[PDB]
Amino acid sequence: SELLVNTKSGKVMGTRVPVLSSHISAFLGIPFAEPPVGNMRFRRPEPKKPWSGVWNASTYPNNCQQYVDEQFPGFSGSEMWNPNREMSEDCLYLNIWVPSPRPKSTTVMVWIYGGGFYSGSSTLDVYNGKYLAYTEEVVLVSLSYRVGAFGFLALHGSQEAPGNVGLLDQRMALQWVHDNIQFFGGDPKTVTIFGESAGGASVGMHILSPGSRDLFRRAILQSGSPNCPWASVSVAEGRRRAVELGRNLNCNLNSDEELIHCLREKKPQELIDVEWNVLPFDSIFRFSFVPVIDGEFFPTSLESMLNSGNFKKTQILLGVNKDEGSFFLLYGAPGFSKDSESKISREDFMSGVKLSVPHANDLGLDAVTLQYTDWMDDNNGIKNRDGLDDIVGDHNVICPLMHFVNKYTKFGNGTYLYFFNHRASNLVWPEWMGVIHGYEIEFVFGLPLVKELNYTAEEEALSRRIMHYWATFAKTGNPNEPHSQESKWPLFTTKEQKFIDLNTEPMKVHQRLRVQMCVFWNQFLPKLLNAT
Amino acid sequence: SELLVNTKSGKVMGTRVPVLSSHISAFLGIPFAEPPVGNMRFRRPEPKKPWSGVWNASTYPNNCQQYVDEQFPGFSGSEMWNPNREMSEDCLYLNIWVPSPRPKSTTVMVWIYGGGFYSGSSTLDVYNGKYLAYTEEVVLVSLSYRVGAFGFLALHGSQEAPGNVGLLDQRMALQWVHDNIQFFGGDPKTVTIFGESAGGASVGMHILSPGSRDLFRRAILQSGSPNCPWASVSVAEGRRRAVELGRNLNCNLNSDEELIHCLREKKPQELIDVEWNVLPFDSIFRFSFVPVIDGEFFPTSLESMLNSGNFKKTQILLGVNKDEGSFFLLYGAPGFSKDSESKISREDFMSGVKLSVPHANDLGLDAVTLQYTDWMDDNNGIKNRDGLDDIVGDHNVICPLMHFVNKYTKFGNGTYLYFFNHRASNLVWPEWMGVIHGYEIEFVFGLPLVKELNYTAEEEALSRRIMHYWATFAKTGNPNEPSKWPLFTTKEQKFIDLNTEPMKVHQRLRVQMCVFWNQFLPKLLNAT
Ligand SMILES: *[C@@H]1O[C@H](CO)[C@@H](O)[C@H](O)[C@H]1NC(C)=O
Ligand SMILES: *[C@@H]1O[C@H](CO)[C@@H](O)[C@H](O)[C@H]1NC(C)=O
Ligand SMILES: *[C@@H]1O[C@H](CO)[C@@H](O)[C@H](O)[C@H]1NC(C)=O
Ligand SMILES: *[C@@H]1O[C@H](CO)[C@@H](O)[C@H](O)[C@H]1NC(C)=O
Ligand SMILES: *[C@](C)(O)CCC[N+](C)(C)C
Ligand SMILES: *[C@](C)(O)CCC[N+](C)(C)C
Ligand SMILES: C[C@H](O)CCC[N+](C)(C)C
Ligand SMILES: C[C@H](O)CCC[N+](C)(C)C
Ligand SMILES: [Cl-]
Ligand SMILES: [Cl-]
Ligand SMILES: [Cl-]
Ligand SMILES: [Cl-]
């Protein structure tokens with residue numbers, strides 16, 4: 001019985017799911033931790049205790065409690081990222097797709113959804129793992145972790161709300177794959193962890209954290225890295241926000257114990273409703289509760305760890321999308337609209353930069369402005385719009401990732417960098433937004449392979465080669481297949497710093513992805529803000 | 001006689017000179033002040049006392065005492081700027097070229113040579129005023145003024161060496177023209193002063209000085225403005241440098257009188273020998289003795305004066321050359337040579353910027369570096385060379401002039417801006433230096449009009465339209481006669497290229513870099 005598997009915690013019963021004229025096995029909603037409810041809220045996850053009988057694993061599980069986006073009701077472009085299942089604090093489950101017949105000991109890929117650490121689900125349609133697992137014959141795992149206050153509230157010192165529990169939820173799911181995936185036909189010695197945005201930052205954090213290192217073989221980071229400005233906060237800022245949350249709910253602030261006890265008596269939706277009120281300034285691409293540099297999950301500052309090579313040394317494949325910042329400008333910056341060309345006046349441009357670099361002083365602001373302003377034509381609405389898009393994307397995603405890739409490669413054993421710049425022919429978002437943050441995921445999971453989705457033939461071929469790059473990399477540590485005729489994705493080296501564009505046109509090799517801007521963001525601006 | 005003129009100080013006998021198969025009158029070496037020698041060194045100029053008899057004005061006068069460039073002996077490119085006659089402290093004279101027959105109340109143009117305030121002569125071949133005076137039929141005057149310590153040693157408080165005497169010398173020459181040009185066929189009410197580099201900065205300073213304003217009608221500034229970073233120092237820096245001069249010569253530094261008396265006993269060449277030893281940093285495009293903001297010649301800071309509109313309001317015609325910085329990189333920056341392409345390594349680039357912005361801190365240097373480095377190819381020697389070239393030109397000439405043009409236009413009565421970017425065909429300097437600082441002068445003075453100089457027919461035509469723009473402007477306030485050189489406005493900020501090709505109108509001359517040098521950097525250095 002392919003569907004009846006017995007794990008270390010009890011038996012589980014999957015289901016036969018159809019896929020591209022064929023079929024595969026699916027195990028949906030398998031628990032890997034105890035429900036972090038009641039007195040468990042904010043606390044480190046605990047291993048799921050053994051159960052008797054057969055666990056029905058044929059339906060998706062609940063999604064964690066989170067802020068839901070209602071900016072555009074009925075609009076698929078945004079609602080495809082919202083929970084598609086009932087939310088509940090009892091959400092620590094994982095899904096698995098296994099080729100049929102069951103492989104013996106094949107490659108395993110574990111997906112970690114993104115969503116700024118304040119949202120995300122393992123059950124979205126865009127994350128349906130059946131297409132990838134089937135086409136590349138890999139065992140695909142989809143995990144989950146607590147988001148928002150529930151997974152990242154941090155009061156350093158306390159053991160009730162220590163912080164980073166969401167990262168620990170992820171670790172426990174990987175520990176489960178390590179101990180049980182063999183029963184599903186996967187080789188636990190060859191597991192690749194891959195994620196996008198907050199997911200990509202997570203993958204990068206496991207690479208740095210000593211406690212996660214032995215739980216996976218290789219890693220793929222898509223549009224996200226550990227050192228991003230939004231991916232973490234100090235213990236001090238974490239406490240400030242934690243104490244600010246209590247104040248917003250008239251909580252007793254006399255002690256961590258009383259504060260935490262107060263926050264535990266509250267209903268999920270009560271914490272969520274005030275979540276954004278704890279932020280330092282008016283801003284965009286900034287999230288209230290994220291990982292904290294505690295000295296535990298993270299030994300020392302992320303920067304010193306990268307400079308000293310204190311991290312798992314292996315092969316990594318990572319990259320970014322052409323327009324990482326448009327999605328966030330649309331939601332929180334003046335002048336942007338989904339139903340318009342969004343030409344930004346000079347006044348709105350200024351407001352946007354302030355919004356994008358909230359931590360900067362007046363001098364740092366002038367520096368940013370000058371760096372992205374064409375003074376021969378400053379009132380050009382289009383240049384001002386695209387300018388802000390580049391600012392937001394470079395500061396928050398692209399440049400932090402380049403910093404990471406350059407630091408990593410000095411110690412790693414094989415780096416591959418990509419630049420995704422293909423605008424899907426069926427995108428429901430406006431043309432000015434370009435290649436949007438997160439829209440490369442549908443190609444990674446093979447959505448283009450299904451006819452009724454209406455992707456072009458060239459997009460299907462692109463999807464097929466991207467999945468092949470990902471899987472092959474997962475299996476061997478090299479996205480290329482030896483002695484093959486197709487163009488080769490070259491290694492990224494400290495010297496030549498090569499990378500390829502990922503699109504429907506023949507491969508192109510480039511060098512130094514946005515070096516000019518990243519020098520500004522990674523070297524110059526910090527020195528400037530550090531002055532006084 | 002057409003050559004014998006009676007001025008308010010005495011008679012002068014000129015000389016009939018040949019010019020382009022014709023002739024004109026020339027009155028060379030006319031004294032406009034008393035010889036500033038002996039106890040008069042460092043002191044304000046005093047008017048030339050009347051003389052009996054006829055003053056022989058047939059030959060050029062002596063040039064003032066100055067540092068002489070001996071970097072390239074025999075090489076015409078550098079020597080054409082050196083004194084072409086005996087140097088002496090008694091050097092306050094002027095030259096005049098009058099068309100023949102003597103016109104009536106015609107337009108007058110007064111030339112003020114450049115040279116960083118440490119050098120220059122009115123007698124240089126390239127400043128021969130006969131071609132311009134004849135061709136455009138104007139009375140051309142070229143004056144002289146003390147340079148170096150002799151003309152700019154500043155010891156605010158003292159009246160034996162108060163500072164700015166070189167500018168005061170220029171003022172006395174203009175005053176002299178104001179009272180005597182009429183006797184030469186010139187119109188004292190229609191005088192245009194023009195000069196290059198330090199000469200351009202001087203013109204700008206007269207526009208700002210209350211005591212100079214009534215001495216001229218219009219102004220032309222070529223590659224220089226009063227606000228350039230090298231054109232002036234504070235009273236404190238002036239005194240510090242002055243005292244360091246004494247120290248270098250082992251002078252009594254107990255008081256100003258003692259210091260001055262000591263410095264007045266030294267031979268001219270002794271001072272000149274240690275002149276460069278008083279600069280505060282290792283640098284380029286920086287000079288020891290320059291004008292000082294004393295509160296007298298200059299009421300308040302140049303900036304506050306520019307913002308409040310406290311200055312002469314008239315028409316101005318100013319501009320710059322395409323490669324203002326190459327000449328100074330060649331003399332003081334590592335990696336540069338006259339006999340090679342001069343590809344600049346990365347290390348030399350870094351050395352260069354530090355040399356170019358001596359006052360900036362490390363953050364400021366990184367700012368300049370990032371602003372001029374193409375990181376997709378930083379080890380490119382040609383790009384590093386051109387970057388340093390632009391750095392020196394933008395910081396010292398182009399951007400300070402643009403800041404001036406924008407401030408002046410808000411209160412002025414007409415601005416005309418130009419960008420000179422034509423490379424002379426007979427230039428003796430290497431190609432990497434491009435359109436060099438000061439080489440537009442030869443075009444302004446009509447040198448291309450003489451065959452023996454081997455210029456191209458296209459360049460001669462260029463020289464003719466430049467001389468006509470300059471002259472027509474001087475006489476009406478508009479370079480165009482009734483392609484038109486558009487007026488520069490606060491709104492459109494238009495300017496024209498000046499070359500052998502049909503005119504082209506542009507807008508915002510190097511606005512990107514000048515926003516960096518006029519707004520960002522200043523603010524950054526003040527904050528850190
Ligand atoms: C498992 O759940 C699915 C979906 O409701 C159902 O079809 C199936 O019969 C269940 N299996 C059992 C017997 O629990
Ligand atoms: C990875 O490590 C192996 C063994 O240490 C070495 O042979 C190989 O060259 C390395 N690969 C890269 C690209 O660093
Ligand atoms: C004026 O001086 C020149 C040069 O010394 C001399 O040739 C000329 O004869 C003098 N003028 C006269 C004729 O007195
Ligand atoms: C110059 O001033 C006159 C008289 O005030 C004025 O009529 C004219 O418009 C001004 N010209 C310019 C270009 O400012
Ligand atoms: C990243 C900040 O985690 C953002 C991911 C957001 N979606 C919309 C692509 C899921
Ligand atoms: C200006 C700094 O006064 C420099 C003038 C240089 N020459 C060589 C053109 C005289
Ligand atoms: C990234 C995102 O759309 C933020 C959610 C909107 N606010 C901050 C207004 C609640
Ligand atoms: C351009 C010029 O001759 C610079 C002056 C050179 N030193 C300092 C050596 C005297
Ligand atoms: Cl970088
Ligand atoms: Cl001749
Ligand atoms: Cl001589
Ligand atoms: Cl105007």
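So you know, we letter chains A, B, ... as the sequences are listed, proteins then strands, and number each from 1.
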| Where on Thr373(A) is there a heavy atom nearer than 4.5 Å to chain B: the side chain, the backbone, both, or neither? | backbone
| task | With the side chain counted from C-beta on, respond yes when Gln519(B) and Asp366(A) share a heavy-atom pair under 4.5 Å apart, and no when they do not. | result | no
| request: Report the distance from atom CD of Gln516(A) to atom CE of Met376(B), rounding to the nearest 0.5 Å. | output: 9.0 Å
| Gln507(B) vs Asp377(A) side-chain heavy atoms within contact, under 4.5 Å | no
| task | Output the distance between atom CG (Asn530(A)) and atom CG (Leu363(B)), rounded to the nearest 0.5 Å. | result | 9.5 Å
| request: Check the surroundings of atom CG in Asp282(B): do more than 12 heavy atoms from other residues, nucleotides or ligands lie under 6.0 Å from it? | output: no
| field | Exceeds 12 heavy-atom contacts within 6.0 angstrom, atom NZ of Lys322(B) | value | no
| message | Please determine whether a side-chain nitrogen of the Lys or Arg among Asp362(B) and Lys527(A) lies less than 4.0 Å from a carboxylate oxygen of the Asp or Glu. | response | no
| query | Counting heavy atoms not belonging to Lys508(A), are there more than 12 under 6.0 Å from its NZ? | reply | yes
| pair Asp378(A)-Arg508(B): side-chain heavy atoms closer than 4.5 Å | yes
| query | In terms of heavy-atom contacts, does CD of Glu501(B) have more than 12 from other residues, nucleotides or ligands at under 6.0 Å? | reply | no
| query | Is it true that atom NZ of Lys354(A) has more than 12 heavy atoms of other residues, nucleotides or ligands lying nearer than 6.0 Å? | reply | no
| request: Can you see which heavy atom on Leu370(B) is nearest to which on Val519(A), and at what distance? | output: CD1-CG1, 4.0 Å
